[PDB]
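The data below hold one chain only, encoded as structure tokens and taken in the form deposited in one PDB entry.
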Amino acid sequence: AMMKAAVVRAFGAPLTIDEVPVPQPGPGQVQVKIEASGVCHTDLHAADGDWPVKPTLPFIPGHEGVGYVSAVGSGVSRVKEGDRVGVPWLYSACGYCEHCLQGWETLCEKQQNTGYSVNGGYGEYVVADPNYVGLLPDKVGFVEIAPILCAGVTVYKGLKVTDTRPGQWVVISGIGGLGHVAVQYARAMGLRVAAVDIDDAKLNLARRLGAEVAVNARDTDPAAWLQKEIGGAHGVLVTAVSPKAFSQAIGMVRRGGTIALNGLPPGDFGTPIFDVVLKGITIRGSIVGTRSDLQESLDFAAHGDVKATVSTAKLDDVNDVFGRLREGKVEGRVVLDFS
């Protein structure tokens, strides 16, 4: 009846580790026992409450929780006790709005979000909607699979909406937490991959993961270089959306090409409409994804095509993890290990 969990009580404050009541599932709900729980920058923004729509205090963060179905409410048929599931950002949606009926539930105006508008996975247990959980692959461990619920589906869907075709070129801009996962999806999707970053080790990693071309933006203008070397990319996935990354993306793409934006930066970005219109460039926003996107993302992991860089930490130490993220001292993804 009691469990440990990291709670946000004041925006900007450190999280407190508490013993709170174990959530019980009602009709059409399930309870999940958390075995691992991914951490990412979205959790920082949730804890700082610096986005337009804020979480309601207090709340348990975490939209990358994975574990076992430990209890089942009435009317549940998709999963059963013992099943390995994840509880992603899309906690639930209404299921009958236009978006939901067309398989774009990720756009549902009535959606709830895990570890944001409802309690998430920074706890030993969590109550989820079984219609929206991710069904985890048998072959992949909890720690390794957790980031796929977030980083994985985000970059996979992002790549899909670049509208690129096997054999065509895609630039992965930024080979960090998201980017290094993106390279692997891109290669698995038959794309020729160009990696762009400012860190030579990250570029090497990209090459190892499948990138045929890699350019260090500190040593050379990536736009001019790529235009010359590959004739511009058919697609660009921008995983870290800084003003510079945005501008460079526009310069790197070939005529008729598409730029997909994964990040959520603040402010207005300078956009060369003249060039975009003239060059017939498309700019498209894409974050997370639908249930089908998620299952597809998980399958690539199961098949051995994608493996996130993961490092573990304990629930108790979640505040140290946050600190490391804030300072940009994390390489890969960090995952809380509950076992």
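Note that residue numbering begins at 1 and tracks the sequence as displayed. Think of the rigid core as the biggest set of C-alphas that the two forms share within 1.5 Å after superposition.
Note that the form deposited in another entry isn't included here; everything after this is about it.
Annotation: the position in 228, 139, 110, 80 displaced by at least 2 Å at CA between the shown form and the other one, with the core superposed, corresponds to 228. When the rigid core is held fixed, the Cα atom of residue 198 travels 2 angstroms or more between the shown form and the other one. Once the rigid core is used as the reference frame, the Cα position of residue 186 differs between the shown form and the other one by less than 2 Å. After superposing the rigid core, the Cα of residue 248 is displaced by 2 Å or more between the shown form and the other one.
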